[PDB]
Amino acid sequence: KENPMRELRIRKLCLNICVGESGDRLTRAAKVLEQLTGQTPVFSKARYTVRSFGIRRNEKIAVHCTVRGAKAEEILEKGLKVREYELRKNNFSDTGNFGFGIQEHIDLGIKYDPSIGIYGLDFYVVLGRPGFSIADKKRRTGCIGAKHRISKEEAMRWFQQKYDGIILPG
Amino acid sequence: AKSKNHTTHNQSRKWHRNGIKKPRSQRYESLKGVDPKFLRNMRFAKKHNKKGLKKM
Amino acid sequence: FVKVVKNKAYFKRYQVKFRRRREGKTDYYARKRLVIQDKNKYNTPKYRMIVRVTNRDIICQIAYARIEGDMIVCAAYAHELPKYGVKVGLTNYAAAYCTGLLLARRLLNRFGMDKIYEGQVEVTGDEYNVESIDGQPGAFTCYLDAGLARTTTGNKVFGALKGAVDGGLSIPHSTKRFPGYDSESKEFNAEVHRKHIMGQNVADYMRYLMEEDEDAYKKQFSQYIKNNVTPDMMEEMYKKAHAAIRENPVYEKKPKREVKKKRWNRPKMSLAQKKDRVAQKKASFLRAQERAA
Amino acid sequence: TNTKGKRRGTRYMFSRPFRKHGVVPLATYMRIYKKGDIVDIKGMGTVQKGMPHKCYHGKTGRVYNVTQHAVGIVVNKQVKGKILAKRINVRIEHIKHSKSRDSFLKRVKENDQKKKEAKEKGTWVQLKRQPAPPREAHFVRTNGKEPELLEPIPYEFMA
Amino acid sequence: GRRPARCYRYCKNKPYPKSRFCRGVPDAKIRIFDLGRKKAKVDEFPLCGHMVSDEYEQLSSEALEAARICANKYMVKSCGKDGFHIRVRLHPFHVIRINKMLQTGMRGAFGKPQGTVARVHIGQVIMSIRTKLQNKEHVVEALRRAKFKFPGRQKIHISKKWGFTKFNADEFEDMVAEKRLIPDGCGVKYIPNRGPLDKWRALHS
RNA sequence: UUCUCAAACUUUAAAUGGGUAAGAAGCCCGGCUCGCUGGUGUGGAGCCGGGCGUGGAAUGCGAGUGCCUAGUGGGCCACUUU
RNA sequence: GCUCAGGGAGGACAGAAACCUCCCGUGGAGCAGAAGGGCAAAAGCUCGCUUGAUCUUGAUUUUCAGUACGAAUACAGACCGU
RNA sequence: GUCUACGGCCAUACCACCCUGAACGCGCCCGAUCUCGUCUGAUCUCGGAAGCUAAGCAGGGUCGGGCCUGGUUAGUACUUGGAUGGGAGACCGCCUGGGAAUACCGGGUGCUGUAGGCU
């Protein structure tokens, strides 16, 4: 038997376009995520000036957009075809969550433009359980207990069983 | 021409010649330094003590 | 490989916060100002009106500071409204408002200021606040304790605050957090407040769903359907309750059933038990080793 | 010539005890202080407002004035030569009640019940604390066994 | 090079370490504190032999260095390179000050760091030599050579412990027999009967 | 696990040491005043009128108080810390 | 309203280091400056509104001679802010 | 027996992992029309009551870490007062009183206040 209150789902789909090319090439990156998500993103202002990379303190490096629920499933759905329904073992984190990276934004029903060009966006999947939203309230918060967590070994047999997507070695 | 800078050597001997006197232990402390909202009211409490003397 | 953050020595160092701060129930910063009295009062009880909104209940208390543990002087819960008229919808702004009115009129009964300080009997949503009469015993003044609830405009806590203010409690407040306050233009409506107080915020959603589809309505309001609550019955269902609170505010307690005395709980394993388990394990480890060879 | 100041040598005095930092217990704020309450001073470093000067830390005075936060407390800081009954406005977190007076009035009230009783009867009970006297002549029962002979251990060096 | 050790013999000043306040101190002449076959097991060097102070005095870092060399030199000429383990159970932390003259005078006097000195109490171990049960009358000689390198009086004690441990030599062999001790490098690991039983299960496997 | 430590490190932590208290200005009854404080003969403080001397640790000693005032303001030595 | 230093583990370009997530994290950061003390739903941090950085007596503390100035704690009378 | 709301002392209450939790509760939870917010109804807020106590929580467990509390270490260390004591000194001994702290070794693991439930 199974307990469907231990059903595994996606809490949020965290997407970012890290360009490090502020002003012209960063404000046009917002058009990609609004096409992909259907909601307005928040810009990623830097922490300090690194000089080898070519960033500056509080300069807009990236732009991020977290999507939840119904829309979040569909955006993660089409990205897996572009990573041909297979992920490396070491893509999966210790704390249940995972992610991967498709190299070009053009593959997600997004047509080319001589000004838009060839962006790179990066997926990260936050795998959740009913009652993972205890530890972020203003009332009585607490750690979820080790019995209730999602492990890397279980986060495989979510993906390996749900999508029937293979997990390649090498 | 340097000198001795400081001492407290003979001072304890001097302090007990007339005694280290504990301060003037008197009844009725003054109402000096009492919060002047409370002291207004206590001054009014004494002002109208005549009012309830035929009761008294 | 990296260092253990929580060493054998981390816990020698580690100071724990207060139990009510650890459990995440009390803000001791918020409590440090609410509860303590000006020390030139010399034991005047500093009354505060507590409102704690649960998932299925709204707990409204009046308490004052004691070193033993702050003593509750009066308390009315939301589950007492089914003896006045509010059968279901216990945890909405309308049922929050009735509980504030319940706590108010109960304390005023338990003192003898019941007939004095009527307050708002015609429920409006004006800024009414209780003003004491010369000769008649002075109005009960207390202060709202929101707890750990964010006080945005139209928090249910201000429902039970408006309940107390309309009962005969002289509480200082502003109508910024009462609903019907627009943040842009910054006026206050009597009517738009009353829509939430009498429960047309709920009744219009009952109409909106019943107009739209009969699958997502029969899910959303099971007990409003089950126990005959229509949007048209809604407004008068609370009006009947508001005079019903002012009929019988005095509380009759529920009698206890006799304690049969079975322990639902595992009592502590004593020393001679705790020491013998490991003595049996040190038998079980050594008796199950010799069999191998 | 020492660096003069107010909090000079209060590294350990106005420090907080180990694993008793953070939030102040709220009982400290809500215990009542009347006038003529004999009160001992102990500067809590967490609340910087209404601290006493370090020369009063540990010294016991009594209250002549109570406001919203502080109590005007008459203490006997001496000086070099004489003693001065002087008046400091210390906020209530830097202050406890003194249990020195609260062992005397308990002994007044107890030696009043032992006064009321044994008055009408003619019976007499001394109320002065007679000091711990030379202990009365007592018999020491040795019960069978001889008392153990102690003799000094010899010198043998450990380390 | 530096003064006679008469000048800085006695524990006069407060303990004055190389810290954030005293910076610009040269390194002690004793870099390495222990030598021999120190990569050895507990069970093969029972006979510990100590040098024990009589006086509350400061022994120099450069006296501890000479005593290290003198004791090492004899043990190799008796037992070979690998038939002993000598320690120095002092560490020269007390910084010694020098009010140098080349015209200044006592006007503005606080000495620069000269060197490091090891402050010693009475009945305190200066050097310790763990060796085999054979060479009982060599550690006595080896340390007696090194007493001349120190100021004041030192006493040589054949300790009742098992090498550089805190457990008696007549009990050490019988405490490992009941798995109360573990051989762990130079020293031993005392297991209390107070850890979790999954540790006890690992011992008796 | 282990050796060795800290005037400007510290969980612990003395000895000697610093306060305060050991009654009639004290305790317990009442009533009365208030413009302070309030759900409230509430909370406070102050006023009159009371009832109670087993003087409520030991030892010693008569205490208190006000003026006027000279000289001095180079000190040095020893015990123990330093 | 949040939680920091630092670390773990993941994720196109991306590496010791750019960004996005989860977890651990008693303060190991930060609080303009020296150092000490103090502090976690804050005293830190990001914002919303702001002029109590205002006017007026006295008392008190610190240095102290128990004088000043500086600094400071408690009040009280106004007028304000949140 | 046990819980909730508000608490008092603030680890005997913490941390880790595991097992069992009747009833009322407390919760996850259900949705986003209003109120209110957000990149996002996760959070905050509001309107609910289909399914689960899986978690949070509660109580128990651990030859558990910690913590508290005794024993020990030890009348040792140190120290008040004393000597025309010792000793080249360093420092030590005695006399007269006080008297610690780890290592090691046991014991314990929240008591409880006002107001309202449930058995």
# chains A, B, ... in the order shown; residues from 1 in each chain; ligands from 1
>>> residues_around(residues="region 94-107 of chain A", least_positions_apart="2", cutoff="10 Å", atoms="only C-alpha atoms (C1' of nucleotides)", output="ChimeraX atom specification")
/A:10-11,13-15,17,29,32-33,36,76,78-83,87-88,90-92,109-113,116-128,149-156 /G:8-13,21-23
>>> interface_residues(of="chain C", to="chain F", cutoff="8 Å", atoms="only C-alpha atoms (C1' of nucleotides)", output="mmCIF file with C-alpha atoms, in the first residue's frame")
data_model
loop_
_atom_site.group_PDB
_atom_site.id
_atom_site.type_symbol
_atom_site.label_atom_id
_atom_site.label_comp_id
_atom_site.auth_asym_id
_atom_site.auth_seq_id
_atom_site.Cartn_x
_atom_site.Cartn_y
_atom_site.Cartn_z
ATOM 1 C CA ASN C 40 4.426 54.299 39.166
ATOM 2 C CA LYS C 41 0.977 52.515 38.863
ATOM 3 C CA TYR C 42 1.990 49.977 41.636
ATOM 4 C CA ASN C 43 -0.095 46.877 40.536
ATOM 5 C CA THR C 44 -2.672 48.389 38.132
ATOM 6 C CA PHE C 111 -18.133 43.170 36.028
ATOM 7 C CA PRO C 137 -18.264 53.363 36.343
ATOM 8 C CA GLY C 138 -15.530 54.137 33.720
ATOM 9 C CA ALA C 139 -15.252 52.255 30.361
ATOM 10 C CA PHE C 140 -13.024 49.096 30.206
ATOM 11 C CA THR C 141 -9.809 50.211 28.357
#
>>> atom_distance(atom1="CA of residue 147 (chain E)", atom2="CA of residue 51 (chain E)")
8.0 Å
>>> closest_atom_pairs(of="chain C", to="chain A", cutoff="12 Å", atoms="only C-alpha atoms", output="Markdown table")
| residue | atom | partner | partner_atom | distance |
| --- | --- | --- | --- | --- |
| C:19 | CA | A:140 | CA | 11.8 |
| C:20 | CA | A:140 | CA | 9.7 |
| C:21 | CA | A:140 | CA | 9.3 |
| C:22 | CA | A:140 | CA | 8.8 |
| C:23 | CA | A:140 | CA | 6.1 |
| C:24 | CA | A:140 | CA | 4.5 |
| C:25 | CA | A:140 | CA | 5.8 |
| C:26 | CA | A:139 | CA | 8.8 |
| C:27 | CA | A:139 | CA | 9.9 |
| C:52 | CA | A:139 | CA | 10.5 |
| C:53 | CA | A:139 | CA | 10.7 |
| C:54 | CA | A:139 | CA | 10.4 |
| C:146 | CA | A:139 | CA | 11.6 |
| C:147 | CA | A:139 | CA | 8.8 |
| C:148 | CA | A:139 | CA | 5.9 |
| C:149 | CA | A:138 | CA | 7.3 |
| C:150 | CA | A:138 | CA | 8.4 |
>>> atom_distance(atom1="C1' of residue 31 (chain H)", atom2="CA of residue 205 (chain C)")
11.9 Å
>>> select_by_dssp(residues="chain A", states="strand (DSSP E)", output="PyMOL selection string")
chain A and resi 9-18+42-45+60-67+86-88+98-100+122-128+166-168
>>> interface_residues(of="chain H", to="chain A", cutoff="12 Å", atoms="only C-alpha atoms (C1' of nucleotides)", output="count of residues only")
22
>>> interface_residues(of="chain F", to="chain E", cutoff="9 Å", atoms="only C-alpha atoms (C1' of nucleotides)", output="VMD selection string")
chain F and resid 1 to 8
>>> residues_around(residues="residue 83 (chain D)", least_positions_apart="6", cutoff="10 Å", atoms="only C-alpha atoms (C1' of nucleotides)", output="ChimeraX atom specification")
/B:20-24 /D:76-77
>>> write_last_selection(atoms="C-alpha atoms", output="PDB file, in the first residue's frame")
ATOM      1  CA  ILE B  20      34.386  57.365  58.451  1.00  0.00           C
ATOM      2  CA  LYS B  21      31.029  58.948  59.526  1.00  0.00           C
ATOM      3  CA  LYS B  22      27.856  57.247  58.132  1.00  0.00           C
ATOM      4  CA  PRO B  23      25.517  60.016  56.840  1.00  0.00           C
ATOM      5  CA  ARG B  24      22.898  62.003  58.872  1.00  0.00           C
TER       6      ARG B  24
ATOM      7  CA  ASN D  76      25.659  54.837  50.406  1.00  0.00           C
ATOM      8  CA  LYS D  77      28.627  55.178  48.043  1.00  0.00           C
TER       9      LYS D  77
END
